[PDB]
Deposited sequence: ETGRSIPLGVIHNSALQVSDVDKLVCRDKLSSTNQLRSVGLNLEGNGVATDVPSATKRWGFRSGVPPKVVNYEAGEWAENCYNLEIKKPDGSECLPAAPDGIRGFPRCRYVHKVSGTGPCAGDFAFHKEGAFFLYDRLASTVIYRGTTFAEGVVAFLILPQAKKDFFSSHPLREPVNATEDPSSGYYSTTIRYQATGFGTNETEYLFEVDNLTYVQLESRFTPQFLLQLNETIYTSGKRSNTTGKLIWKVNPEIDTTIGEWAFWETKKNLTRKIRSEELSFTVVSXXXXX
């Protein structure tokens, strides 16, 4: 049975189905709420290398979608445009009525290629991809999502700025995926797991104001010199 949360003795609890509490009062369907909570809040690494390793392709499993009524402002969200090396799309278009997650401080937009050995892309840990009040078992193409999980509750009776960070990827969804952070269409930075969103934006501004952008028609790629707390608490550059 699907667990239902309830407050007894100043503590959240799972309601015992085999037990009947007549003191529990449910006076309207408005007391029942479905909520979505972000994996961020549990302390999972949110950098693009770590986050993409949690997803994978699989065939033979029909996608499923479940509704949820309230969600959490996310620090990190993701938006994927992945093709196979022959240009065929890897992810399906967003079904009618499915929009991106509504509150994202940083949207990590990843574009690139991979083998995509499977009809749909699932969460390897069983979590959901959270969209605008709909949770899916699979990733949709070019649609912003947060990783999360859903809860169901009995309530007791009684600005916003977003920033897009673009990445190029090769060998997406494999053991040896390569990631480049995009400054402009001809200037990239070799991406490490340790690079935070705030550091990528300061790296982009300092590159723009130092003239370290490509002033030819070819690709310029930088590599940052090598020189434990969550978010709520070629060439070289040294």
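- Gaps between the deposited sequence and the modelled structure occur at positions 1-4, 163-184, 254-259, 266-285.
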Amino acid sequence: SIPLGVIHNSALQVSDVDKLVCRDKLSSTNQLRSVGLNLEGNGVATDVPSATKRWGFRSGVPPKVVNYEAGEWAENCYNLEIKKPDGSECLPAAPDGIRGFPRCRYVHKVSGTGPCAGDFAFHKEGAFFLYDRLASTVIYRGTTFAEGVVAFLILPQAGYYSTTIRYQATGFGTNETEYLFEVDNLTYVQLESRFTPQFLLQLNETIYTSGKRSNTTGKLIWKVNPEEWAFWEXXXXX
From here on, numbers count along this sequence of modelled residues.
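We call the rigid core whatever largest set of C-alpha positions still superposes within 1.5 Å between the two forms.
- Comparing 19-27 with 213-221 in 8 other deposited structures of this protein, after superposition on the rigid core, the stretch with the greater RMS C-alpha deviation is 19-27.
- Among the other PDB entries of this protein that were compared and that flank it with modelled residues, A158 is left unmodelled in a third or more.
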